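To begin, one chain is listed below as C-alpha cells, in the form deposited in one PDB entry.
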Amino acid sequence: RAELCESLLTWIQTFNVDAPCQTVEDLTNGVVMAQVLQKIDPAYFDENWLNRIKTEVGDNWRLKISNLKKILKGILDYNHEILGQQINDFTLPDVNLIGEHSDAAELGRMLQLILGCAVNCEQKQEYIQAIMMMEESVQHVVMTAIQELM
C-alpha cells in the first residue's frame, strides 16, 4: 500500500539520517535506506559497506536500481549472516519499480524489511522504544490542538 509507505516514511524520519527524507522520491536512490541500515547496525553496514552505494545518482534510474539491489541483498545477507531470529521476507520489494517508477507500494515493502531488521537486531529494545515514542509524540500534537480549541 502507498499509505503504509507514507507511514513508514515517518518512522524513517525518526532516525535523523543526513540525506533528506521528506518524500517517497527522497528514498528512491537508496542512500537514505543505506544510512538507516547503518544506524541499525553500524558494525555490519559500515562506512566500507556504504561505499558500494553511489550517491551522485540524479535521474539515472538504472543506477537507482543498482543501489537498491545492493541494499536488498544487504538486508537478506544481514538476516542470513548475522540475525538469529530471521525477519519476514516472504514477499520481497520489486526494487526495479522503486527505481524506475518511484513505486510507493514497493518502497513500503522495503521499509517493512528494514523495520524488521530494526526490531530483530541486538538493539531492538531501543528501536521498539523509539516506535512507542512516536505514539507519545502524536498525543502531544493532539493535546496541543485540543488546547488551541478550548
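Shifts are known only where both forms have a C-alpha. Residues carry their position along the shown sequence, with the first being 1. Note that the rigid core is defined as the largest set of C-alphas that superpose within 1.5 Å between two forms.
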query: Greater mean Cα temperature factor according to the PDB record, 131 to 139 or 15 to 23; finding: 15 to 23
query: Greater mean Cα temperature factor according to the PDB record, 81 to 89 or 117 to 125; finding: 81 to 89
query: Candidate residues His101, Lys39, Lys69, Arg109, the one whose C-alpha B factor the record puts highest; finding: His101
query: Options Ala105, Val31, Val95, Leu63 - largest CA temperature factor per the record; finding: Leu63
query: Position of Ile146 among the chain's modelled residues by C-alpha B-factor, lowest, middle or highest third; finding: lowest
query: For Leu8, the third of its chain into which the C-alpha B factor falls; finding: lowest
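This protein has a second form, the form deposited with a partner chain bound, left out of what is shown; the following refers to that one.
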property	result
Heavy atom distance at most 4.5 Å to its partner chain in the entry with it bound, all of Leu63, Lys73 and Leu76	no
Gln125 within 4.5 Å of its partner chain in the entry with it bound, heavy atoms	yes
Contact of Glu25 with its partner chain in the entry with it bound (heavy atom, 4.5 Å)	no
Its partner chain contact at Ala2 in the entry with it bound, heavy atom, 4.5 Å	no
Distance check, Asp18 to its partner chain in the entry with it bound, heavy atom within 4.5 Å	no
C-alpha displacement of 2 Å or more between this form and the one not shown on the rigid core, among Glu126, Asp18, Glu136, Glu25	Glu136
Distance trend in the entry with it bound - C-alpha atoms of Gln125 and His140, change of 3 Å or more	closer
Pair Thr10/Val138, Cα separation in the entry with it bound versus the displayed form, closer or farther by 3 angstroms or more	closer
Consecutive-residue runs (3+) with Cα displacement of 2 Å or more between this form and the one not shown, core aligned	135 to 150
